[PDB]
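This report refers to the structure that appears directly beneath it.
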Amino acid sequence: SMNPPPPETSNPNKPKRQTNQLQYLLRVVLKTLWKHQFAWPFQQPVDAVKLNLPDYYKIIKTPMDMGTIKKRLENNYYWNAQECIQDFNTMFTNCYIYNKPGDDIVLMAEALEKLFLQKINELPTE
Ligand SMILES: CN1C(=O)C[C@@H](c2ccccc2)Nc2ccccc21
């Protein structure tokens, strides 16, 4: 079996910014989710080979994970906060699409998403 290449985290011809909203997304939002007891499945791309999930990347065509988001934030990959918020939402959605209601992983994603929503509710004005 084979994993796909990970999402890109570097692209020199993509225009970039470091806005106060993006700073908040790193220092408050990512940091909060990263340290959570349920973060670990989301801290790197889904390894479909070692999890024995040969259908994962058949079903999930827009992979995203917090390891990727962390790298994107640390390397100032984004132009705006909405791009990054979309990445978090892609990560959660992927989990709900692939897995079954009530599965441990879904409970984990739901706990992280609750915190995510609480933090982005107070996203600072630009
Ligand atoms: C984020 N993630 C998954 O969505 C896969 C899920 C899983 C389902 C069935 C069998 C094995 C794993 N849980 C999971 C576990 C570890 C890392 C990522 C995931």
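A note on labels: chains of the structure tokens are A, B, ... as shown, every chain counts residues from 1, and ligands are counted from 1 in their shown order.
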
So which residues are near ligand 1, meaning at most 10 Å away with only C-alpha atoms and all ligand atoms counted, given back as a short mmCIF file (atom, residue, chain, number, x, y, z; two decimals) with N, CA, C and O atoms, in the first residue's frame?
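File part_16.cif, as written:
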```cif
data_model
loop_
_atom_site.label_atom_id
_atom_site.label_comp_id
_atom_site.auth_asym_id
_atom_site.auth_seq_id
_atom_site.Cartn_x
_atom_site.Cartn_y
_atom_site.Cartn_z
N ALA A 39 -5.37 15.18 20.73
CA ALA A 39 -4.75 15.73 19.53
C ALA A 39 -4.00 14.72 18.68
O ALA A 39 -3.90 14.90 17.47
N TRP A 40 -3.45 13.68 19.31
CA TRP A 40 -2.43 12.87 18.63
C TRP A 40 -2.83 12.28 17.25
O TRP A 40 -1.99 12.27 16.37
N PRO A 41 -4.09 11.83 17.04
CA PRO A 41 -4.38 11.31 15.69
C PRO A 41 -4.32 12.36 14.60
O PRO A 41 -4.25 12.01 13.42
N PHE A 42 -4.39 13.63 15.00
CA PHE A 42 -4.49 14.75 14.08
C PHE A 42 -3.19 15.53 13.96
O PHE A 42 -3.13 16.54 13.26
N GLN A 43 -2.13 15.07 14.61
CA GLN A 43 -0.87 15.82 14.61
C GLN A 43 0.02 15.56 13.40
O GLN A 43 1.08 16.16 13.28
N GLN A 44 -0.42 14.68 12.51
CA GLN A 44 0.34 14.35 11.30
C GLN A 44 -0.65 13.75 10.32
O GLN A 44 -1.74 13.34 10.72
N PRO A 45 -0.29 13.69 9.03
CA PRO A 45 -1.19 13.05 8.05
C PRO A 45 -1.59 11.64 8.46
O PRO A 45 -0.83 10.92 9.10
N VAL A 46 -2.80 11.25 8.09
CA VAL A 46 -3.24 9.88 8.31
C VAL A 46 -2.29 8.93 7.57
O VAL A 46 -2.13 9.02 6.35
N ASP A 47 -1.64 8.04 8.31
CA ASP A 47 -0.77 7.02 7.73
C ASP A 47 -1.62 5.80 7.42
O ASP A 47 -1.79 4.90 8.26
N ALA A 48 -2.17 5.78 6.22
CA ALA A 48 -3.09 4.73 5.83
C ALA A 48 -2.39 3.38 5.70
O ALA A 48 -3.02 2.34 5.83
N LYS A 50 0.33 2.22 7.77
CA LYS A 50 0.47 1.65 9.12
C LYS A 50 -0.88 1.47 9.85
O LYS A 50 -0.90 0.72 10.78
N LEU A 51 -1.95 2.18 9.49
CA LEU A 51 -3.27 1.94 10.07
C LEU A 51 -4.06 0.87 9.33
O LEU A 51 -5.17 0.52 9.74
N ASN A 52 -3.50 0.36 8.24
CA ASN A 52 -4.16 -0.63 7.39
C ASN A 52 -5.52 -0.15 6.91
O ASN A 52 -6.53 -0.84 7.04
N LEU A 53 -5.53 1.05 6.34
CA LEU A 53 -6.74 1.65 5.79
C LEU A 53 -6.54 1.93 4.30
O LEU A 53 -6.43 3.07 3.89
N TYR A 56 -8.66 4.72 2.72
CA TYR A 56 -8.75 6.06 3.31
C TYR A 56 -8.62 7.13 2.23
O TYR A 56 -9.46 8.04 2.16
N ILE A 60 -11.06 10.02 1.04
CA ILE A 60 -10.64 11.36 1.43
C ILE A 60 -9.67 11.93 0.38
O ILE A 60 -8.52 11.49 0.29
N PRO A 63 -6.96 15.73 1.97
CA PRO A 63 -6.43 15.46 3.31
C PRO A 63 -5.97 16.72 4.01
O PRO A 63 -5.48 17.65 3.37
N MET A 64 -6.11 16.74 5.33
CA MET A 64 -5.57 17.84 6.11
C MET A 64 -5.40 17.37 7.54
O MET A 64 -6.17 16.54 8.03
N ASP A 65 -4.40 17.93 8.21
CA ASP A 65 -4.06 17.53 9.57
C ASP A 65 -3.40 18.71 10.25
O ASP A 65 -2.96 19.67 9.59
N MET A 91 -10.04 19.23 8.01
CA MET A 91 -9.58 18.17 8.89
C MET A 91 -10.74 17.52 9.65
O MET A 91 -10.87 16.30 9.67
N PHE A 92 -11.60 18.34 10.25
CA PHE A 92 -12.72 17.80 11.01
C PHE A 92 -13.70 17.06 10.10
O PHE A 92 -14.12 15.94 10.40
N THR A 93 -14.05 17.68 8.98
CA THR A 93 -14.98 17.10 8.02
C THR A 93 -14.49 15.75 7.51
O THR A 93 -15.25 14.79 7.38
N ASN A 94 -13.20 15.67 7.18
CA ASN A 94 -12.63 14.40 6.72
C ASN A 94 -12.88 13.29 7.72
O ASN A 94 -13.23 12.16 7.37
N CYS A 95 -12.68 13.62 8.99
CA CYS A 95 -12.87 12.64 10.05
C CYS A 95 -14.32 12.14 10.09
O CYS A 95 -14.57 10.94 10.18
N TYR A 96 -15.26 13.07 9.99
CA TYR A 96 -16.67 12.70 10.04
C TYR A 96 -17.10 11.94 8.79
O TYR A 96 -17.96 11.06 8.86
N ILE A 97 -16.52 12.28 7.65
CA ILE A 97 -16.82 11.58 6.40
C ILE A 97 -16.34 10.14 6.44
O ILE A 97 -17.07 9.21 6.08
N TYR A 98 -15.10 9.93 6.87
CA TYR A 98 -14.52 8.60 6.79
C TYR A 98 -15.05 7.66 7.87
O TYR A 98 -15.28 6.48 7.61
N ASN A 99 -15.24 8.17 9.08
CA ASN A 99 -15.53 7.33 10.23
C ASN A 99 -17.02 7.25 10.56
O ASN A 99 -17.84 7.88 9.89
N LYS A 100 -17.37 6.46 11.57
CA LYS A 100 -18.77 6.25 11.92
C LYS A 100 -19.15 7.06 13.15
O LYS A 100 -18.31 7.30 14.02
N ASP A 103 -17.75 6.66 16.95
CA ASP A 103 -16.40 6.10 16.97
C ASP A 103 -15.52 6.96 17.86
O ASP A 103 -15.72 8.17 17.95
N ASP A 104 -14.51 6.36 18.48
CA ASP A 104 -13.60 7.11 19.33
C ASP A 104 -13.02 8.31 18.61
O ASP A 104 -12.96 9.40 19.16
N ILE A 105 -12.61 8.12 17.36
CA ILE A 105 -11.95 9.19 16.63
C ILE A 105 -12.91 10.35 16.39
O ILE A 105 -12.49 11.51 16.40
N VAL A 106 -14.19 10.06 16.21
CA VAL A 106 -15.19 11.09 16.00
C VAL A 106 -15.43 11.88 17.29
O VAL A 106 -15.54 13.10 17.26
N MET A 108 -13.18 12.31 19.53
CA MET A 108 -11.97 13.10 19.65
C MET A 108 -12.05 14.36 18.80
O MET A 108 -11.78 15.47 19.28
N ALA A 109 -12.44 14.19 17.54
CA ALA A 109 -12.59 15.32 16.64
C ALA A 109 -13.63 16.31 17.17
O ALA A 109 -13.42 17.52 17.11
#
```

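Excluding residue 125 (chain A) itself and same-chain residues fewer than 2 positions from it, the residues having an atom within 9 Å of it are residues 20, 21, 122 and 123 of chain A, counting only C-alpha atoms.
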
task = Please identify which residues in region 87-117 of chain A DSSP calls alpha helix (DSSP H) from the backbone, and express them as a list in words.
result =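 Alpha helix (DSSP H) members of region 87-117 of chain A, listed: residues 87, 88, 89, 90, 91, 92, 93, 94, 95, 96, 97, 98, 104, 105, 106, 107, 108, 109, 110, 111, 112, 113, 114, 115, 116 and 117 of chain A.
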